[PDB]
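missing the sequence, but the structure's below:
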Ligand SMILES: CC(C)CCC[C@@H](C)[C@H]1CC[C@H]2[C@@H]3CC=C4C[C@@H](O)CC[C@]4(C)[C@H]3CC[C@]12C
Ligand SMILES: CC(C)CCC[C@@H](C)[C@H]1CC[C@H]2[C@@H]3CC=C4C[C@@H](O)CC[C@]4(C)[C@H]3CC[C@]12C
Ligand SMILES: CC(C)CCC[C@@H](C)[C@H]1CC[C@H]2[C@@H]3CC=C4C[C@@H](O)CC[C@]4(C)[C@H]3CC[C@]12C
Ligand SMILES: CC(C)CCC[C@@H](C)[C@H]1CC[C@H]2[C@@H]3CC=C4C[C@@H](O)CC[C@]4(C)[C@H]3CC[C@]12C
Ligand SMILES: CC(C)CCC[C@@H](C)[C@H]1CC[C@H]2[C@@H]3CC=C4C[C@@H](O)CC[C@]4(C)[C@H]3CC[C@]12C
Ligand SMILES: CC(C)CCC[C@@H](C)[C@H]1CC[C@H]2[C@@H]3CC=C4C[C@@H](O)CC[C@]4(C)[C@H]3CC[C@]12C
């Protein structure tokens, strides 16, 4: 493991990419990876047996948990992270494939066309990344009204005869980790807008 | 780890393979791997103790779970993934073996024949991949009428004296992950049809 | 990780080995590895607490489980896999050792003798592999009359005062995975017979 | 794995960095990593079921645990460690990116400017590291009045009808590991002040 | 991973070592590693909660388990394996150190002396390995009269008021795995005697 | 993985280090690593639920366990091992840093001074290692009067109304593993004294 190799892996042999992404976006993406895995290993965990409802009836607790938290925070962040990654992986594959084609041509203008098409691919990939980030932020807003978790809820549903007051397990730390992940996603959003506009302005300067 | 090595590993030193698979199919296959492992680690888990049936009788819960969910979603996707992989692995082995034979010949026309047989092998492998995907989609349709999971079921079987209303653990997220996996499989299906027809059309153009 | 390295590792720098094993047997052996690990991680698991017997008496459940399933399917397949591997590992060690001896001779006819003895070693190793496969198939037949698992059993043994009807946990999926593993083992058996007879016929053709 | 590679990875190809950090800070940071992971694997663990409150009422124990320990020690140290790392990772990315730009220039004064800007980046990164360390120490002081853990607490909150005397699981070892981590963080603080002042004094000596 | 590297790692750049060990002992040692890890992961497991004694009194079960099985089979095999390994590791270190000394001499008869001392070291190491194997076999004989495990035991000790009939969890498979490990250890014993006597006879032939 | 690389990693490119450490201390340190991890995975485990006290009152068992075993054996050995390692890691960092400085000088007597300072660093590091070992042995003596574990204890503390006789889980194997670890630490102590005195005597011989 060396820093040149790690940097190249994060970048992807993309000569069109600017410093902004290459350094800052790679760094904060690694930060997202770290915070995502440590927190899931640490606080949410199974995040089902921790949820406690005062009812002796079997099954009421699970139904009630399901009602109040349809999709978990950590699974949503993991899905967001994979879906964000796929565009960048696609661009890296495109460049790796194109250089291989060039090599096979050598073994047995056009180069300018290759350059231009790669530029367009990179721009569209960054746009898709931005769109995914924004959509996931909107889903977060829709699912949970507020950043802080709710400690006390009332549970009036089948098969629970009376409304039962029911409690969440570890709200305070989930709030902190939620804030961290949300801030990381926002930073990514602004970085991506800045990167796209920078590319367009540089292209205008060239012509 | 470098992008050239990863790209070559995903492709397999197959000069006949087109850009379509090499880039897009590799990317979405990696996506399938990621979504499969994260979700199993996260939501399904043991996926047996989570299932709750209102009966104090021991064994009725397990019998009832077995009746309603013969084969799990995640195990079925994992089996599908392995079985899909085996054709591509076979083709990669074929090419690696043939180059070794060529080298041993060098140490101590035919080349054209090698090329043609490799082309035929690749086409048949892609066809087998398509067939496996379609068969697994059909099995999904047969096993579960609808994409959304059933929350409430009635359980009238031995050794359960009365029909017991019985509940599933985490349906909402299982629905989302089911949709993601199904969409990935469908994308693979269309990609594979397109790749095969592209190869045939290119061969026709050559002659 | 590259395909040439993986292919060489699976083969073992054995110039006498034919295409049959090198490609097909390596592929289906990798398939056996994958199916063995995924299924054990997934369905059998601890495969003891899942077994449920209707008796409140402590210890009767474990005694009864032990009576009906002396050796588990997955442990038996794992043992089979290790024992099958050891011959091939032995042959790989033999070739690696012999090339080292040749190098030390260089540093400080016979070559033909080396070739012949290596050929004989390979043939005997393949024969041993075939024998191990057949023996394990016979043990499977002896232990379990049928491929499908038994859901309901009657348990009349100490310290269980009455015969208790007792249930298996997840039979339907265990049946499917059993079929997959058995088919893989059979394919290996036929491949091995074919490989040995091919070597003998080629030797006859040479002379 | 070799010592030159590990040393370069810890340092980051930063010619401006002094011996102080390169050796001592790398060593004690590795020590922090080791102590953090071993202790979490060992003593804190799930650190929730271990907490015992004398109440048969379900949910009172979790509410009470949450009140007394809002954020765990180990999660706080892990977050501190990630957040401390991010600056150094950023500087390593900056240098790796700049050398790549220089290479692309070669393929197709300024060098002095590159050197100076890298120096400024390193100084600011070390300052940020110091600030993060100090902030986390302050949070430790605020959250817990004393280094030693409290064995006995009184718990008078909803839904617990009477104040219940409630006990912590493993205080003595948590105290020891707390002391170790705190001492490591303090050593880092002093090292960082010394490194920054050394750089400034050396710059003054140069001019 | 390549076969030459694996073979060299197993051997240890020891020119005095004979074919016997280099191939066969390496192979069966790898077999011991595999069988040890798979079985522990699979059957013994925690091997404490599985043990069931018919007593409602808390603590009687653990005391009784401790009385009947002082040291587990799997831990004993693991300790045997580590202790067996240490001699071979020591010899490998000796040769690696001596070649480094020779290189440092080159940078700035005796060679014959180096050869002889290395030969003596190897012989004594093999003798120590044999002794460790024999001692561990004797301990196995002492601890357990027979290879087959005991299903039923009587437990008359404090704090258990009456002698309780108490049962073992999974005896049949433990018997099989015990036989496998014992056979491997015996094979190692004979191999080691043969290797030592072969070295001595070859030395006599030389002189 | 090769023996030269492993040997260099264990040694650390230290030309002043003698054969004694390089071979024997590396070997027995690897032995300490192995015995530490296997035993913790195997016998101690969670080492809390295994402890059984005859009291139905919740919390009395944990309080009593805490009183009798303030710090666990395995955590203490792990801490000892990390703390022992840090000096050697520091020396390795020092040498790696110094060679890098020499290279940067080459790119753009003193050498004798470098040699001498490195010698002094190595001697002081070995002394610190010896001191850490001795301190940890003393702590072992203080915490536990005897090597063998205590099976039966009496527990008279809050909130336990009567003194309860309370039992340890697996004493016999903990005794064996304790003896092994203690013997390893002692061997290290003697080795370290011998190494330091050997260096001093050799220096006297030089002058
Ligand atoms: C500027 C930022 C956003 C770039 C981030 C690029 C990241 C997402 C890229 C760089 C290298 C990639 C990894 C390369 C190799 C593997 C191993 C494979 O078995 C699963 C996917 C995985 C783990 C890839 C996931 C995506 C990845 C981590
Ligand atoms: C275009 C797409 C479908 C190509 C996908 C090819 C994938 C399935 C190939 C590429 C490299 C292959 C892997 C190469 C090495 C190993 C390690 C071995 O111990 C198990 C199998 C495993 C993990 C292989 C599984 C199949 C694999 C992942
Ligand atoms: C044609 C088919 C049957 C060939 C199959 C050969 C397989 C069984 C060989 C090829 C490489 C071998 C592996 C090489 C390295 C290791 C690592 C070691 O720590 C345990 C054994 C293990 C994992 C070997 C097991 C056997 C192995 C997997
Ligand atoms: C002087 C001290 C403070 C320098 C410490 C630098 C440390 C924090 C740097 C050096 C190399 C870096 C690692 C390089 C590679 C990876 C793998 C990646 O998948 C996650 C991050 C991770 C694990 C990095 C985390 C930060 C790291 C460990
Ligand atoms: C002929 C037979 C008996 C030779 C057997 C030699 C075996 C025991 C040797 C060969 C290479 C050695 C391994 C080399 C590297 C490591 C990694 C280290 O972190 C722990 C020890 C461990 C795992 C060694 C244990 C001993 C080992 C496995
Ligand atoms: C003669 C004896 C005492 C020498 C022992 C030196 C040992 C302690 C040295 C040699 C190589 C070192 C390892 C090198 C790399 C890593 C990976 C890192 O992520 C954590 C620390 C760790 C695991 C180091 C711990 C200390 C280490 C194991």
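In hand now; what should we look at? Numbers count the residues shown, from 1 in each chain, chains lettered A, B, ... in the order given. Ligands and ions are numbered 1, 2, ... in the order given.

Quick one: the strands in chain A, in order.
When secondary structure is read from DSSP state E, chain A shows strands at A:52-53, A:152-155, A:164-167.

wait, what's in contact with residue A:195?
A:18, A:20-21, A:25, A:126 (Cβ atoms under 8 Å, 6 or more residues apart in numbering or on different chains). Backbone N, C-alpha and C define where each C-beta goes, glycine included.

Show the buried residues in the residues you listed.
The neighbour-count test (16 or more other Cβ atoms under 10 Å in any protein chain shown) marks A:21, A:25, A:126 as buried among the contacts of residue A:195.

any idea which of those residues is closest to residue F:203?
residue A:25 (55.4 Å; Cβ to Cβ).

Excluding its own residues, what touches stretch A:29-49? List them.
For stretch A:29-49, contacts defined as Cβ under 8 Å, 6+ apart pick out A:10, A:62, A:65, A:72-74, A:77-78, A:81, A:169-170, A:173-174, A:177, A:180-181, A:184-185, A:188, B:45, B:50, B:169-170, D:46, D:72, D:74-75, D:78-79, D:82, D:86, D:89.

tell me, what residue is most central in chain A?
Centroid check for chain A by Cα atoms, centre = their mean gives residue A:81 as the closest residue, at 2.9 Å.

could I get the buried ones among the contacts of residue A:195 as JSON lines with distance to residue D:150?
Rendered in JSON lines, the data for these read as follows (distance: Cβ to Cβ, whole Å):
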{"residue": "A:21", "distance to residue D:150": "48"}
{"residue": "A:25", "distance to residue D:150": "44"}
{"residue": "A:126", "distance to residue D:150": "51"}
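
Name the nearest residue to whatever residue of chain A ends up closest to ligand 2, sequence neighbours excluded.
Proximity to ligand 2, evaluated over chain A using Cβ to the nearest ligand atom, is greatest for residue A:93 at 10.4 Å. Spatial nearest neighbour of residue A:93, chain neighbours left out: residue B:23 (4.5 Å); criterion: Cβ to Cβ, 6 or more residues apart in numbering or on different chains.

close enough to count as contact, that neighbour and residue A:90?
Yes. At 7.0 Å, residue B:23 counts as touching residue A:90 under the criterion of Cβ atoms under 8 Å.

Which one's more surrounded, these two?
Neighbour totals were compared for residue B:23 and residue A:90, and residue B:23 leads with 23 against 20 (other Cβ atoms under 10 Å in any protein chain shown).

so how far is residue B:152 from the more buried one?
Residue B:23 sits 45 Å away from residue B:152, going by Cβ to Cβ, to the nearest Å.

and what of residue A:22?
Taking Cβ to Cβ as the measure, residue A:22 and residue B:152 are separated by 52 Å.

who's more crowded, those two?
Here residue A:22 and residue B:152 are set side by side on neighbour count (other Cβ under 10 Å), and the busier one is residue A:22, at 23 against 12.

Identify the residue nearest that one in space, chain neighbours excluded?
Sequence neighbours aside, residue A:11 is the residue nearest to residue A:22 in space, at 4.9 Å (criterion: Cβ to Cβ, 6+ apart).

For burial, what's the neighbour tally of that neighbour?
Quick note: residue A:11 (other Cβ under 10 Å) scores 22 neighbours.

Please name the residues that touch it.
The contact partners of residue A:11, by Cβ under 8 Å, 6+ apart, come to A:17, A:22, A:26.

before we move on, what about residue A:20?
Taking Cβ under 8 Å, 6+ apart, we find residue A:20 in contact with A:191, A:194-195, A:198.

what about residue A:193, how many residues close to it?
One way to gauge burial is a neighbour count; for residue A:193, by other Cβ under 10 Å, it gives 13.

Okay, it and ligand 1: tell me how far apart.
Relative to ligand 1, residue A:193 is positioned 15 Å away (Cβ to the nearest ligand atom, to the nearest Å).

how about that residue, what does it touch?
Contact analysis of residue A:193 by Cβ under 8 Å, 6+ apart lists residue A:130.

tell me, which of the contacts of residue A:11 make contact with ligand 1?
Of the entries in those, those that also sit close to ligand 1 under the rule Cβ under 6 Å from any ligand atom are residue A:26.

In terms of distance to residue F:118, which of the contacts of residue A:11 ranks first?
Comparing the contacts of residue A:11 against residue F:118 with Cβ to Cβ places residue A:26 closest, at 37.6 Å.

Spatially nearest residue to the closest residue to chain B within chain A, not counting backbone neighbours?
With Cβ to the nearest Cβ as the measure, residue A:96 is the residue of chain A nearest to chain B, at 3.8 Å. Using Cβ to Cβ, 6+ apart and skipping residues adjacent in sequence, the residue nearest residue A:96 is residue B:7, 3.8 Å away.

Count the residues that sit near the one you found.
20.

what does chain A put close to ligand 5?
If contacts are counted using Cβ under 6 Å from any ligand atom, no residue of chain A sits beside ligand 5.

tell me the residue furthest from the middle of chain A?
residue A:108 (43.0 Å).
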